[PDB]
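Pasted below: model01.tsv, TSV, C-alpha atoms.
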```tsv
chain	number	residue	atom	x	y	z
A	3	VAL	CA	1.66	-31.53	-61.10
A	4	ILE	CA	4.92	-32.84	-59.51
A	5	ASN	CA	7.71	-31.02	-57.59
A	6	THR	CA	9.96	-33.69	-56.03
A	7	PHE	CA	13.54	-34.66	-57.08
A	8	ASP	CA	13.09	-38.41	-57.83
A	9	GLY	CA	9.49	-37.78	-58.97
A	10	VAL	CA	10.62	-35.17	-61.56
A	11	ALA	CA	13.57	-37.44	-62.60
A	12	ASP	CA	11.28	-40.52	-62.81
A	13	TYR	CA	8.79	-38.49	-64.86
A	14	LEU	CA	11.57	-37.33	-67.21
A	15	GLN	CA	13.33	-40.75	-67.42
A	16	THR	CA	9.90	-42.36	-68.13
A	17	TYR	CA	7.75	-39.77	-69.98
A	18	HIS	CA	10.62	-37.44	-71.03
A	19	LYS	CA	7.95	-34.66	-70.97
A	20	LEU	CA	8.49	-31.92	-68.33
A	21	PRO	CA	6.09	-32.65	-65.40
A	22	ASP	CA	2.68	-31.08	-66.21
A	23	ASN	CA	3.24	-28.14	-63.80
A	24	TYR	CA	6.50	-26.40	-64.91
A	25	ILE	CA	7.23	-23.23	-66.92
A	26	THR	CA	10.40	-21.59	-68.30
A	27	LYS	CA	11.77	-18.64	-66.29
A	28	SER	CA	11.00	-16.37	-69.29
A	29	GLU	CA	7.36	-17.54	-69.38
A	30	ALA	CA	7.09	-17.13	-65.57
A	31	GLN	CA	8.78	-13.71	-65.76
A	32	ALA	CA	6.75	-12.61	-68.84
A	33	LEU	CA	3.54	-13.97	-67.26
A	34	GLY	CA	4.12	-11.41	-64.46
A	35	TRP	CA	6.49	-13.27	-62.08
A	36	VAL	CA	8.31	-10.39	-60.32
A	37	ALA	CA	11.18	-10.66	-57.80
A	38	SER	CA	9.88	-7.85	-55.58
A	39	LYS	CA	6.59	-9.79	-55.27
A	40	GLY	CA	7.01	-13.58	-55.73
A	41	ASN	CA	3.52	-13.64	-57.32
A	42	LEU	CA	2.80	-17.28	-58.23
A	43	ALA	CA	0.19	-18.89	-55.93
A	44	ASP	CA	-2.33	-16.33	-57.28
A	45	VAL	CA	-1.87	-16.77	-61.04
A	46	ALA	CA	-0.64	-20.35	-60.44
A	47	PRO	CA	-1.82	-21.75	-57.03
A	48	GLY	CA	0.61	-24.74	-57.20
A	49	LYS	CA	3.02	-24.43	-60.14
A	50	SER	CA	6.85	-24.58	-60.10
A	51	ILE	CA	9.17	-22.64	-62.47
A	52	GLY	CA	11.59	-24.69	-64.56
A	53	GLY	CA	12.20	-25.92	-68.11
A	54	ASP	CA	14.74	-23.32	-69.34
A	55	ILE	CA	17.61	-24.09	-71.77
A	56	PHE	CA	21.36	-24.19	-70.98
A	57	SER	CA	24.42	-25.54	-72.87
A	58	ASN	CA	26.58	-26.04	-69.72
A	59	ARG	CA	29.64	-24.58	-71.54
A	60	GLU	CA	30.77	-23.51	-68.05
A	61	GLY	CA	31.00	-27.28	-67.38
A	62	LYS	CA	29.09	-26.99	-64.07
A	63	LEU	CA	27.23	-30.26	-64.85
A	64	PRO	CA	28.04	-33.58	-66.66
A	65	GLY	CA	29.04	-33.01	-70.33
A	66	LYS	CA	30.26	-34.86	-73.46
A	67	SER	CA	30.48	-34.20	-77.23
A	68	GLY	CA	27.76	-31.51	-77.04
A	69	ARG	CA	25.57	-31.68	-73.90
A	70	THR	CA	22.21	-30.01	-73.14
A	71	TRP	CA	21.41	-28.98	-69.53
A	72	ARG	CA	18.11	-27.70	-68.02
A	73	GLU	CA	16.86	-27.10	-64.43
A	74	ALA	CA	13.51	-27.13	-62.55
A	75	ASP	CA	12.18	-25.84	-59.17
A	76	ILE	CA	11.56	-28.50	-56.46
A	77	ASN	CA	9.54	-28.68	-53.19
A	78	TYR	CA	7.18	-25.76	-53.92
A	79	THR	CA	3.52	-25.15	-52.98
A	80	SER	CA	2.16	-21.58	-52.83
A	81	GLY	CA	4.49	-18.63	-52.11
A	82	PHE	CA	8.18	-18.43	-53.13
A	83	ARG	CA	10.92	-20.94	-54.08
A	84	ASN	CA	13.63	-22.25	-51.74
A	85	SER	CA	16.97	-24.11	-52.14
A	86	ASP	CA	15.57	-27.44	-53.40
A	87	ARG	CA	16.43	-27.56	-57.15
A	88	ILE	CA	16.79	-30.46	-59.67
A	89	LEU	CA	18.97	-30.49	-62.83
A	90	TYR	CA	18.29	-32.77	-65.84
A	91	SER	CA	20.32	-33.19	-69.08
A	92	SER	CA	19.52	-34.21	-72.69
A	93	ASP	CA	20.57	-37.76	-71.88
A	94	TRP	CA	18.10	-37.44	-68.97
A	95	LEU	CA	20.93	-37.52	-66.37
A	96	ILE	CA	19.48	-35.97	-63.20
A	97	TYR	CA	21.35	-34.32	-60.34
A	98	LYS	CA	19.93	-32.62	-57.22
A	99	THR	CA	21.03	-29.47	-55.34
A	100	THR	CA	19.44	-28.11	-52.12
A	101	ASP	CA	21.73	-25.14	-51.51
A	102	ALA	CA	20.31	-22.85	-54.23
A	103	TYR	CA	22.41	-24.05	-57.20
A	104	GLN	CA	25.50	-24.93	-55.02
A	105	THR	CA	26.13	-28.69	-54.43
A	106	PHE	CA	24.99	-30.98	-57.29
A	107	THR	CA	24.62	-34.49	-55.80
A	108	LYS	CA	23.68	-37.12	-58.43
A	109	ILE	CA	20.30	-38.87	-58.14
A	110	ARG	CA	19.88	-40.62	-61.56
```
Can you give me the file's structure in the form of structure tokens?
Amino acid sequence: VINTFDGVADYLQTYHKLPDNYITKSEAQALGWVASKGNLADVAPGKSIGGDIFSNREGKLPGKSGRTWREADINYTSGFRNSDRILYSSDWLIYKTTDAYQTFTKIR
């Protein structure tokens, strides 16, 4: 039940488990999440999408000898998403972006 940059990072750097309130895009999409609808508050009155899997081959985020990269929605309540998004790696390195996946400022 968390949706804030530092809070999600802190949770991951401390508990390593994805904040009890996230779901992979696939799950969200398969659960019924539809673009031409934004249904979420109904089936999930306070849940944020996030927890997918990416290799970062495109090198858009910190890398090394094999790096794992994953993202998560941030600043959500009941309705649709926004531009606030947090990125976390295998090594738990966290970066924040508020322009809808555009600028990745580091936070942890």
Option closest in space to residue 65 of chain A, from A:33, A:102, A:51, A:95 [counting all atoms listed in the file]
A:95
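The interatomic distance for the pair atom CA of residue 70 of chain A and atom CA of residue 40 of chain A works out to 28.4 Å.
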List as a PyMOL selection string the residues having at least one atom at most 9 Å from position (1.5, -23.4, -54.5) as given in the file, counting all atoms listed in the file.
chain A and resi 42-44+46-50+78-82
For residue 91 of chain A: contacts at 8 Å, only C-alpha atoms, fewer than 5 positions along chain excluded, given as a PyMOL selection string:
chain A and resi 69-72+96
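Atom pair atom CA of residue 24 of chain A / atom CA of residue 53 of chain A: separated by 6.6 Å.
Going from atom CA of residue 94 of chain A to atom CA of residue 35 of chain A covers 27.7 Å.
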Excluding segment 104-108 of chain A and residues on its chain fewer than 3 positions from it, collect all residues at most 10 Å away from it, counting all atoms listed in the file, and give them as an NGL selection string.
:A and (62-64 or 85 or 87-89 or 95-101)
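When all atoms listed in the file are used to measure the gap to residue 20 of chain A, the shortest distance among A:34, A:61, A:90, A:66 belongs to A:90.
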Looking at only C-alpha atoms, which of A:55, A:32, A:76, A:45 is the one that sits closest to residue 3 of chain A?
A:76
If we count all atoms listed in the file, what is near residue 54 of chain A at a cut-off of 9 Å, once residues fewer than 2 positions away on the same chain are taken out, given as a tab-separated table (two decimals) with C-alpha atoms, in the frame of the given file?
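Saved to selection_7.tsv:
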```tsv
chain	number	residue	atom	x	y	z
A	25	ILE	CA	7.23	-23.23	-66.92
A	26	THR	CA	10.40	-21.59	-68.30
A	27	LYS	CA	11.77	-18.64	-66.29
A	28	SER	CA	11.00	-16.37	-69.29
A	51	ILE	CA	9.17	-22.64	-62.47
A	52	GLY	CA	11.59	-24.69	-64.56
A	56	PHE	CA	21.36	-24.19	-70.98
A	71	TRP	CA	21.41	-28.98	-69.53
A	72	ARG	CA	18.11	-27.70	-68.02
A	73	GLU	CA	16.86	-27.10	-64.43
A	74	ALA	CA	13.51	-27.13	-62.55
```
